[PDB]
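Enquirer: Below you'll find the sequence and an experimental structure to go with it.
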Amino acid sequence: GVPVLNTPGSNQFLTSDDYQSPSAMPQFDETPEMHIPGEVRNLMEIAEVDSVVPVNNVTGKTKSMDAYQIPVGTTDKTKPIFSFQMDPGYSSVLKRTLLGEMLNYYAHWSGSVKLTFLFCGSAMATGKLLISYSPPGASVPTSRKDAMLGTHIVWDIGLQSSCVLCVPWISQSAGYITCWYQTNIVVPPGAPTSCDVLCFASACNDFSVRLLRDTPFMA
Amino acid sequence: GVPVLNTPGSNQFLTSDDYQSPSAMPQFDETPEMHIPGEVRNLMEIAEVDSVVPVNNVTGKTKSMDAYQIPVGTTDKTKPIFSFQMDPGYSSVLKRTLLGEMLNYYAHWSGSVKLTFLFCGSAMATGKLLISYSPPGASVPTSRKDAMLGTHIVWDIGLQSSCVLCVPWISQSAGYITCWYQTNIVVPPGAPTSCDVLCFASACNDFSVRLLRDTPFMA
Amino acid sequence: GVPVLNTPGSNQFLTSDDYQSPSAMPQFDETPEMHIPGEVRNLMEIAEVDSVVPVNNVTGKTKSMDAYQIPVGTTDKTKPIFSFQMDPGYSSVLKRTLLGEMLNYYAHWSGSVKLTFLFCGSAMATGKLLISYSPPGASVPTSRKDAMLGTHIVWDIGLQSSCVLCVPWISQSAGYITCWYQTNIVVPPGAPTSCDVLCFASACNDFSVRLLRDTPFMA
Amino acid sequence: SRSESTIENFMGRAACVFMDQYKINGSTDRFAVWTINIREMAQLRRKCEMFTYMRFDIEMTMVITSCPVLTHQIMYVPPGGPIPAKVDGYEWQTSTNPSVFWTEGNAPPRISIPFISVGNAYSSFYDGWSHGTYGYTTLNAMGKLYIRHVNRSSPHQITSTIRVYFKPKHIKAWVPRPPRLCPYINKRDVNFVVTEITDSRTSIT
């Protein structure tokens, strides 16, 4: 025959090998593939889908639908409406979403996170809310004036009901996103004063994920 | 020599492998192949051959020739002549035919079953029999009228002596095939009243069989 | 290196294998081949050579030259001169010839056997001998008349001194070859009455031999 | 869609057709014989009895266990070969009889046997006589398989069990035949007890 040397690594079971294996039943004729809608070729197709973010996850109500609802309208302008750290991994607000749960399988991920705020109040209500994003190095704003003197968007609620913003440099002290009463919710005699805001976090079309690991959720 | 790694699966005896083997006597010169009539290249060539179906397999007579003979002519029209579940596997009527015994080697099979009814009475006799096929979901007909209000064929016995029907959706609650006196066997003074009917089950030219298994017949 | 699987049959010594082997002394320069007369490329070249057949192997004389000599001339015409079964294997007359000893190495052999009869009497002697061959199914002839009513050759000894006949269907109850006094040996006053006949069995140019085995001669 | 219904896919698969053991030291219990036939396993016999004439090559894979380094000889005698009557019989040394020498711990030995019949196909059924004996012909004779320890002796008592896996190769079959209804009585003949065609039923409806 041919002269052959067995290198080190012969007769070992590397768990992550990719060798061709002898089939148990070669004779078996497999069922022909059929078209099923929803072919999944990548997991960033899952993380690119928006999902509701439980911003109101206070101690009392994280087992109800009120964890998602941001209460607006009842109401001092000195304290912000909400505030949460931006990173999906290791942040209880974005930890368990379609975006966050995919990113807890990977040690390293770098991309941009797109936030969408939906105003779920009456069509007759109107007002202004100031959404301010602070870069990772910067400190959280203390007043509405200091939030205005930075990266912000004054979102007119009576005009448009959705406000989209794509946050960069989300990768692994991260950025903070906050909201402030610029203007109280102005309402007619017929419409109810208290309103709700929903948030939607998703991938901003990049998200490269490199080192797959085990999820810290299932024991 | 060349560097070689032994993958997992070396020095194992997979029973269903297809490796080239070293011949005991390479020098031996085999007898040249000769033409013998009846070359068998497929087993569905065996299942496509019609064979007599023991419809009359009542408790008394399954060790005689009377198991095959469907008695007709002696005779109320309220009760059907015969009735049997259509599936070849797990049905005592079609369980042991050329068709059924091949299909008990395979876990999965999908195709159509062709039934042929041969009238073995006198040439002078005449009459009509109504053969009704009920789909797998549907219930067995109780009267001749309910069998007529469905998939059926009114088979004139005096005109033609054979009636062929191909049953679809026979694959693995299956279809039921029944027969009813539409018309009594009209006979002259010379010919005998009681007649017999034979059945023939075979493949309707498809029958794909996928997962071979062991027969449940031999212990 | 390359991924390799050891199939079943590795590290075994099949006695009849034909693998290339590592030479003990590759450096050794072999003596160049020289022309020697008598190159033997096939063993049927040995079996195709005629050899004297010990027809007269009676109990007294199988250790002398008289085992080969067929005595003719001294002498009733009712009993045949000689008679022997035709098959080379398992027949004491043709068992140990150049033809028979080659055919005892092979389990299966099919071909034709050529017999040559040489008359070793005086040139002045003359007569006729009737050599009859009976097919394997047929019975041995009892008289010269029944031998004449079959496959035979009336061999005029005074005319020609050699008689050749090729026997077919010798392969593995076989054929019988016999000889009869058609005519007594007519002799002048000077020549001796008693004469001898020699036989020569060889291959009739086919003899295919298929399954080599061990000879039943050497213990 | 019927690719697996072919004869090669149906007939050609290995089955454990012979279980036997043989001691290393102590008469006729020191080797295993097994005259090669298709009528050993009742499950494989029902398949080969669907065709009157079959033509195939044989690939066998022996599986040898034990209870020093043990070496085993699996000697195959052709249908005309000399058979040993004792473990030390000279017939083990015959050059004509091919044998494998397998030592324990390596991949199991595999030996391949061609179509060795005199005729053009093996017969599953023979309606005729040897002269004699009915249903027996020497055309479907495939040889024997003599198996022993090549070791002269051992201080301990060692009993080695061997399993033979018989796989037909390049199968060709002729003249289809109905599958057998009745069970098997004996491994040599075709004798049967009269059995019912099919399981009974309460009525015809």
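Expert: Arrived safely. Numbers count the residues shown, from 1 in each chain, chains lettered A, B, ... in the order given.
Enquirer: where along chain A do the helices fall?
Expert: A:44-47, A:98-103, A:144-148 (DSSP state H).
Enquirer: between those helices, which one is nearest to chain B?
Expert: Across the helices of chain A, chain B has its closest neighbour in helix A:98-103 (31.8 Å, Cβ to the nearest Cβ). In short, each C-beta sits where N, CA and C put it, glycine included.
Enquirer: other SSEs contacting that closest one?
Expert: helix A:44-47, strand A:195-203 (3 or more Cβ pairs under 8 Å, 6 or more residues apart in numbering or on different chains; DSSP states H and E).
Enquirer: and the gap between residue A:74 and chain D?
Expert: 68 Å (Cβ to the nearest Cβ, to the nearest Å).
Enquirer: That residue is in contact with residue A:192, isn't it?
Expert: No - using Cβ atoms under 8 Å, residue A:74 is not in contact with residue A:192, being 9.8 Å away.
Enquirer: who's in contact with the residue nearest to residue A:140 when sequence neighbours are not counted?
Expert: Counting by Cβ to Cβ, 6 or more residues apart in numbering or on different chains, residue A:140 lies nearest to residue A:176, which is 4.9 Å off, once chain neighbours are set aside. Shown in contact with residue A:176 (Cβ atoms under 8 Å, 6 or more residues apart in numbering or on different chains): A:83, A:84, A:85, A:86, A:133, A:134, A:140.
Enquirer: Same question for residue D:134.
Expert: D:128, D:189 are the contacts of residue D:134 under Cβ under 8 Å, 6+ apart.
Enquirer: if you count residues, which helix in chain D comes out on top?
Expert: Max-length helix for chain D by DSSP H is helix D:42-48.
Enquirer: is chain C contacted by whatever helix or strand comes next after that one?
Expert: Heading C-terminal from helix D:42-48, the first helix or strand you meet, by DSSP states H and E, is strand D:51-64. Yes - legend: contact between strand D:51-64 and chain C by Cβ under 8 Å from any Cβ of the partner chain is shown at residue D:61.
Enquirer: strand partners of strand D:51-64, parallel vs antiparallel please.
Expert: strand D:110-113 (antiparallel), strand D:122-123 (antiparallel), strand D:159-176 (antiparallel) (DSSP bridges).
Enquirer: Of all residues in chain D, which one is closest to chain A?
Expert: Closest point on chain D to chain A, by Cβ to the nearest Cβ, is residue D:9, at 4.5 Å.
Enquirer: Give me the phi and psi for that residue.
Expert: Backbone torsions of residue D:9, given as degrees, to the nearest 10, read phi -70, psi -30.
Enquirer: Can you verify my assumption that it contacts residue B:211?
Expert: No - using Cβ under 8 Å, residue D:9 is not in contact with residue B:211; the gap is 11.2 Å.
Enquirer: Between the two, which has more neighbouring residues?
Expert: Taking neighbours as other Cβ atoms under 10 Å in any protein chain shown, residue D:9 and residue B:211 compare with residue D:9 leading, 19 against 14.
Enquirer: Excluding sequence neighbours, find me the nearest residue to the more buried one.
Expert: Nearest non-adjacent residue to residue D:9 (Cβ to Cβ, 6+ apart): residue A:27, at 4.5 Å.
Enquirer: where's the one you found relative to residue D:112, distance?
Expert: 20 Å (Cβ to Cβ, to the nearest Å).
Enquirer: And those two? Which one has more around it.
Expert: For the pair residue A:27 and residue D:112, the greater number of neighbours falls to residue D:112 (20 against 17), based on other Cβ under 10 Å.
Enquirer: what residues are up against the residue of chain A found nearest chain D?
Expert: Going by Cβ to the nearest Cβ, chain D is nearest to residue A:27 of chain A, at 4.5 Å. Contacts for residue A:27 (Cβ under 8 Å, 6+ apart) come out as B:16, B:212, D:4, D:9, D:13.
Enquirer: do the same with residue A:144
Expert: Counting by Cβ under 8 Å, 6+ apart, residue A:144 touches A:77, A:80, A:130, A:180, A:181, A:182.
Enquirer: what's the burial count for the closest residue to residue A:190 other than its chain neighbours?
Expert: With sequence-adjacent residues excluded and distances taken as Cβ to Cβ, 6+ apart, residue A:190 is closest to residue A:124, at 6.9 Å. Close neighbours of residue A:124, defined as other Cβ under 10 Å, add up to 13.
Enquirer: okay but residue A:124 is in contact with residue A:186, surely?
Expert: No - applying Cβ under 8 Å as the test, residue A:124 and residue A:186 come out as separate, 9.3 Å apart.
Enquirer: Would you agree residue A:66 is in contact with residue A:54?
Expert: No - the pair residue A:66 / residue A:54 is not scored as a contact, 9.5 Å apart, by Cβ under 8 Å.
Enquirer: between these two, who's got more neighbours?
Expert: residue A:54 (22 against 15).
Enquirer: Residue of chain A nearest chain B, please.
Expert: For chain A, Cβ to the nearest Cβ, closest residue to chain B: residue A:3, 3.1 Å.
Enquirer: got the residues of chain D near chain C?
Expert: Close to chain C, as judged by Cβ under 8 Å from any Cβ, chain D has residues D:61, D:78-82, D:94-96, D:98-103, D:106-111, D:116, D:118.
Enquirer: The same query, at a cut-off of 6 Å, please.
Expert: D:61, D:78, D:80, D:94, D:96, D:98-102, D:106-110, D:118 (Cβ under 6 Å from any Cβ of the partner chain).
Enquirer: how much space between the closest residue to residue D:193 other than its chain neighbours and residue B:88?
Expert: Residue nearest to residue D:193 in three dimensions, not counting chain neighbours: residue D:182, with 6.0 Å by Cβ to Cβ, 6+ apart. Relative to residue B:88, residue D:182 is positioned 21 Å away (criterion: Cβ to Cβ).
Enquirer: next one: residue D:10
Expert: For residue D:10, the distance to residue B:88 - Cβ to Cβ - is 17 Å.
Enquirer: what's near enough to touch residue A:54?
Expert: A:67, A:68 (Cβ atoms under 6 Å, 6 or more residues apart in numbering or on different chains).
Enquirer: picking up where we left off before, which of residue D:182 and residue B:88 has more neighbours?
Expert: residue B:88 (28 against 12).
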